[PDB]
Amino acid sequence: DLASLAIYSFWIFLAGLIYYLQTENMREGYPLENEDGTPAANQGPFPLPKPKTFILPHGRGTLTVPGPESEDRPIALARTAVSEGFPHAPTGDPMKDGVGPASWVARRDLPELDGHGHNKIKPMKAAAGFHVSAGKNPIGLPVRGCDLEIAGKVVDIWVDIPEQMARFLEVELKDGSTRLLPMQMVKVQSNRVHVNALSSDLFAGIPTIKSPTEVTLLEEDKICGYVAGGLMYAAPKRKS
Amino acid sequence: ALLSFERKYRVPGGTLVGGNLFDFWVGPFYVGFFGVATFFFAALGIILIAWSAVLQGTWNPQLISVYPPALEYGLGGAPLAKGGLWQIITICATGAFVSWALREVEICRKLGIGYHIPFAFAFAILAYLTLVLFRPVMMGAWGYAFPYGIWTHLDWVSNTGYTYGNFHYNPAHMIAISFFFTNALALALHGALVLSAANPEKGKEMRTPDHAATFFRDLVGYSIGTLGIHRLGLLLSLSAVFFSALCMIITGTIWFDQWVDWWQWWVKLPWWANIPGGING
Amino acid sequence: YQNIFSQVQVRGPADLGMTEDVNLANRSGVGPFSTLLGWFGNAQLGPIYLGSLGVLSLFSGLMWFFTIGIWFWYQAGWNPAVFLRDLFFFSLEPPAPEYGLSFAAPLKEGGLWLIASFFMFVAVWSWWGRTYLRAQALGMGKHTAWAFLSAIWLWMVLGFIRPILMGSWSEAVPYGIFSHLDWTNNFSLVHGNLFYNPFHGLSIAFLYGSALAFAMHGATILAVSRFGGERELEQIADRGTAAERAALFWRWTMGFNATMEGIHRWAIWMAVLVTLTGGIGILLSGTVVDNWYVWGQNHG
Ligand code: BCL
Ligand code: BCL
Ligand SMILES: CC[C@H]1c2cc3[nH]c4c(c3C)C(=O)[C@H](C(=O)OC)c4c3nc(cc4[nH]c(cc(n2)[C@@H]1C)c(C(C)=O)c4C)[C@@H](C)[C@@H]3CCC(=O)OC/C=C(\C)CCC[C@H](C)CCC[C@H](C)CCCC(C)C
Ligand SMILES: CC[C@H]1c2cc3[nH]c4c(c3C)C(=O)[C@H](C(=O)OC)c4c3nc(cc4[nH]c(cc(n2)[C@@H]1C)c(C(C)=O)c4C)[C@@H](C)[C@@H]3CCC(=O)OC/C=C(\C)CCC[C@H](C)CCC[C@H](C)CCCC(C)C
Ligand SMILES: COC(C)(C)C(=O)C/C=C(\C)CC/C=C(\C)CC/C=C(\C)CCCC/C(C)=C/CCC(C)CC/C=C(\C)CCC=C(C)C
Ligand SMILES: CCCCCCCCCCCC[N+](C)(C)[O-]
Ligand SMILES: CCCCCCCCCCCC[N+](C)(C)[O-]
Ligand SMILES: CCCCCCCCCCCC[N+](C)(C)[O-]
Ligand SMILES: CCCCCCCCCCCC
Ligand SMILES: [Fe+3]
């Protein structure tokens, strides 16, 4: 009976498909490791796939995965227990050390480029023809932290040019330097921008950018990591 | 064992209940208080199902069926063999789903991410509880709920639907379907788009998101954008479930006749009800 | 703040797109900008590409639509009040079983169905061609076209392949809102309840699974959008904390996880298999299996 054959064949196909897909999703993070960074004994029943190589645009090289995995950064954490599977306590300040929910990855220290090789993200003042088109314009608003203290003022919006979206607010602090705040971690209100994740004293600690008109993937990761980390780690001063 | 990048995120904190007490992992799995709750509710539920199997008399996965109390029982309790087990298993199932959600919330707090996933999952839970709790209660009996069996629950889908004629005519159900179909369309498109850019023709460099936007603009004259498409998929999938739950909550309560006949309100509007011709005059 | 709607919109010069090997002569100017759309996605409408295949597709598509509507107007006695009142009840029906696979049926009793179906056939396949060709002109993979083909498969099976193998056009789906739902119901009754078709049950698992998948995936990307997680192609090329936190959410929750590229492979297949399994289920119904309940009692 043909329908019997089709359904039997389909389950065989489906099992192969699942095998293939699970192996495709092992191109990052594998082999598994013990808590000391060493290869773990039990990798499970799925082997690593043949490497593939992505050819990056604008002469930025290639990526080949799977390949040798490295954090490429120190990780300021230590064991809290004598056996596997417990948490790892921060050894200094986790916001500054970039661990836990303040983690960042060692992404390339270049800016993301659009399809034409120009920087993807730019402060709006450097992006010709870009302006606020709808909604409350936050430029000029005081920025308030979770301690209800004013941390600074918004001096620009950093925009994704090809997507035409707001990605950060550039906030100037009391000392005259600025920080980027991810747009997803601010609340624009009629008379202020409110920032839940950070108390006013934690703004200076936001990682800074090298060139004041661009931001690199490494810098984005450090900034976003750090403000996200405030949700757990600004326990000395948070209220509604 | 840990993924190569994992250790840095396995710090203390994030728990909603128990402080540091259940703040650990088993292999890949985070535990937490709500992991202990999930194990308890799920293990008891499974044990009671395996027991209900014996009181039926059978070990085949595609025969085991746990039926709710008969309609006679109303909303009261029922002896274990005649619906009571279904009632307990249902409480266990709800406990396990809510516990799983709340364990998801703890994992979000530890990872510093948004709560969108458990929020989304709560829609699936609300649909489940529509079928086993809210709808039955509004209708006066546990017996309007579906039985827990692989084939027996489809029997219930089929009898429940044909009670109101062809269930296609339920307008909340039309909207729900439309969302499910649209979601699959969107998931196909999105997957394909990302992969077509990351995996271009043989020579070539990885395409950029601008190429992806350009593809869709060339094809349909519009690109929703990388944030937009994830917003859309979330909205389409949650809307399908919301309207699923809506279409059943209204059925047997507010509307209990043949769903086809509902449409008569339109054809009977006074400005065209009595005009000769067409299908209805 | 949840990132479902944007708080502030920005606009700049219209993005006219990447060029690559596209013929720019065939690309329109940019449409207008919608602030409404812009709360949710991008504000820019157009440009669109309309070469010869696109004009052909748009034209047969409209001809399909107008053929059905001219028939609906007829059925309404040319009266607009009746047309609106009865809109969901009208139906352009295929030829009766008597006419087999022939084109000899009168316009008023099947021939118009064939004309509208011809136009639809040309519209969909030329649009498929366009799906492939636009990717090609940009140097992109053909995943869109392969995916679209899965949908076309179910469509083909319903209106073309299955009628051909059953010996008559009478067996195809009518063009009407209510009538096609009646056809669907009736198809199941006549084949012994489609819930016993194992391919229908797979189709459902995939349909539900796609809602599962996109709810999971959309929610995951929005949850890590505070680290730029929606920039997926760059997270593929150079993994960030967004991708790591995403993976790890799921690893800790259910014991395994995806990559930023691989989740799109899970995705495309979850969706494509809806209509793959679906078309098989339908194709086998009446050709090889007359009653799925019966077939289920035997597996044979
Ligand atoms: C003959 C039958 C009638 C009919 C009668 C009904 C009836 C009756 C119902 C539907 C319902 C639905 N029908 Mg209908 N329907 C018909 C024809 C159709 C057709 C079609 C092409 O013809 C389609 C596409 C649909 C589509 C749909 C959906 C809109 C909706 C189902 C999804 C849902 O509710 O998910 C919601 C999701 C869930 C309930 C799942 C929840 C999962 C929980 C939270 C988690 C479980 C975890 C699990 C136990 C874990 C296992 C552990 C392992 C490790 C994994 N119907 C015919 C005409 N339809 C249903 C509905 O709307 O329900 C609300 C419903 O009750
Ligand atoms: C009483 C009715 C029967 C029944 C009868 C049928 C029949 C008959 C069929 C299904 C099919 C399906 N059913 Mg069933 N179904 C029932 C009960 C259910 C229930 C339920 C909870 O009870 C559910 C969840 C489902 C679910 C499903 C889906 C999994 C599947 C459709 C997939 C899809 O995406 O199709 C939708 C997608 C398409 C049709 C693809 C279309 C692609 C084309 C190319 C698009 C052209 C567009 C056109 C040109 C318009 C242009 C628009 C403009 C551009 C704007 N059924 C009951 C038992 N069901 C289908 C299937 O595959 O079954 C195996 C099918 O044929
Ligand atoms: C709301 C949009 C869609 C959605 C979303 C969604 N589902 C989700 C999530 C989200 C966002 C998760 O985060 C969560 C997850 O972890 O996924 C991997 C989940 C999940 N969705 C799941 C399944 C699922 N979702 C479905 C549907 C959908 N989920 C929607 C279409 C369906 C359908 C359509 O039928 C199913 C079967 C699980 C894989 C997972 C939740 C796992 C969970 O809660 O685990 C804890 C509980 C257990 C391990 C076992 C409990 C055992 C019980 C005590 C006994 C069994 C009782 C049961 C009622 C018997 C039923 C028998 C059947 C034959 C009827
Ligand atoms: C894998 C399974 C899922 C899937 C996938 C899928 N569908 C797809 C694709 C893919 C991968 C495409 O690439 C293709 C696409 O282009 O998507 C945007 C498509 C597509 N899926 C479509 C529809 C569709 N898909 C469906 C389903 C599904 N598609 C599944 C759930 C359904 C259902 C659920 O029934 C429908 C109705 C189309 C939107 C699009 C294919 C378009 C096509 O073939 O068009 C031919 C031309 C016409 C129809 C034009 C006629 C016009 C209208 C009838 C009315 C008026 C509008 C007009 C365009 C205005 C013009 C103005 C003039 C003045 C110039
Ligand atoms: C306002 O009025 C005007 C006149 C302006 C209008 O234009 C109004 C128009 C309408 C009111 C239009 C209404 C349209 C509908 C309600 C359409 C309904 C459509 C469906 C629900 C369709 C469902 C399914 C269709 C399927 C499965 C079709 C499949 C078709 C094919 C696979 C094509 C097969 C080809 C054939 C049979 C011919 C092949 C012949 C050769 C020689 C190759
Ligand atoms: C519907 C079922 C699809 C899910 C397939 C599940 C397979 C996941 C197992 C992965 C093992 C993880 N390890 C051990 C590689 O980390
Ligand atoms: C992308 C892979 C996802 C795999 C999900 C498969 C779930 C199987 C559901 C059982 C269907 C049973 N049927 C209908 C064959 O009896
Ligand atoms: C009752 C049938 C359900 C089939 C789905 C089971 C898939 C669970 C995969 C979990 C893998 C986790 N592990 C063991 C790798 O950690
Ligand atoms: C939970 C289902 C897992 C099914 C995966 C089985 C993979 C079979 C190996 C086939 C070798 C090509
Ligand atoms: Fe995505």
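Easy rule for this one: first residue shown is 1, then count along the chain.
Every residue, even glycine, has its Cβ placed from backbone N, Cα and C.
As given in Swiss-Prot:
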type	residues	note
BINDING	B:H153, B:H173	(7R,8Z)-bacteriochlorophyll b binding site
BINDING	B:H190, B:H230	Fe cation binding site
BINDING	B:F216	ubiquinone binding site
TOPO_DOM	B:1-31	topological domain 'Cytoplasmic'
TOPO_DOM	B:56-82	topological domain 'Periplasmic'
TOPO_DOM	B:112-115	topological domain 'Cytoplasmic'
TOPO_DOM	B:139-170	topological domain 'Periplasmic'
TOPO_DOM	B:251-281	topological domain 'Periplasmic'
TRANSMEM	B:32-55	transmembrane segment
TRANSMEM	B:83-111	transmembrane segment
TRANSMEM	B:116-138	transmembrane segment
TRANSMEM	B:171-198	transmembrane segment
TRANSMEM	B:225-250	transmembrane segment
Residue from B:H153, B:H173, B:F216 whose C-alpha is spatially nearest that of B:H190 (Fe cation binding site), among the binding-site residues
B:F216
Measure from the Cα of B:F216 (ubiquinone binding site) to the Cα of every one of the binding-site residues B:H153, B:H173, B:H230, then give the nearest.
B:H230
Take the binding-site residues B:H153, B:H173, B:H190, B:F216, B:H230 and keep those with a Cβ under 8 Å from any chain C Cβ; what remains?
B:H190, B:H230
Report, as numbers and ranges, every residue of the chain located at least six residues beyond the topological domain 'Periplasmic' (B:56-82) whose Cβ falls under 8 Å of a Cβ in that stretch; write 'none' if there are none.
49, 88-89, 136-137, 140-152
Looking at Cβ-Cβ distances, which residues of the chain lie under 8 angstroms from B:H173 ((7R,8Z)-bacteriochlorophyll b binding site) while being 6 or more apart from it?
B:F167, B:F243, B:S244, B:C247, B:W259
Please list, in sequence order, those binding-site residues from B:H153, B:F216, B:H230 with the Cβ less than 6 Å from ligand 3.
B:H153
Please report the distance from the Cα of B:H230 (Fe cation binding site) to the Cα of B:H153 ((7R,8Z)-bacteriochlorophyll b binding site), rounded to the nearest angstrom.
32
Grab the same-chain neighbours of the topological domain 'Cytoplasmic' (B:1-31) for me: Cβ-Cβ under 8 Å, and only residues 6 or more beyond its ends, written as numbers and ranges.
102-103, 105-111
The DSSP breakdown of the topological domain 'Cytoplasmic' (B:112-115) into helix, strand and coil residues is 0 helix, 0 strand, 4 coil
Contact set of the topological domain 'Periplasmic' (B:139-170) with the rest of its chain, CB cutoff 8 A exclusive, min separation 6+ beyond the ends, reads 49, 61-75, 78, 83, 86-87, 89-90, 131-133, 247, 250-253, 255-263
Near the Cβ of B:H153 ((7R,8Z)-bacteriochlorophyll b binding site), how many other Cβ atoms are there if near means within 10 Å?
14
Spatial neighbours of the topological domain 'Periplasmic' (B:251-281) not adjacent in sequence (6+ beyond its ends, CB under 8 Å) are 135, 138-139, 144, 163-171, 173
For the topological domain 'Cytoplasmic' (B:1-31), DSSP counts of helix, strand and coil?
3 helix, 5 strand, 23 coil
Around ligand 10, within a Cβ distance of under 6 Å, which of the binding-site residues B:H153, B:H173, B:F216 show up?
none
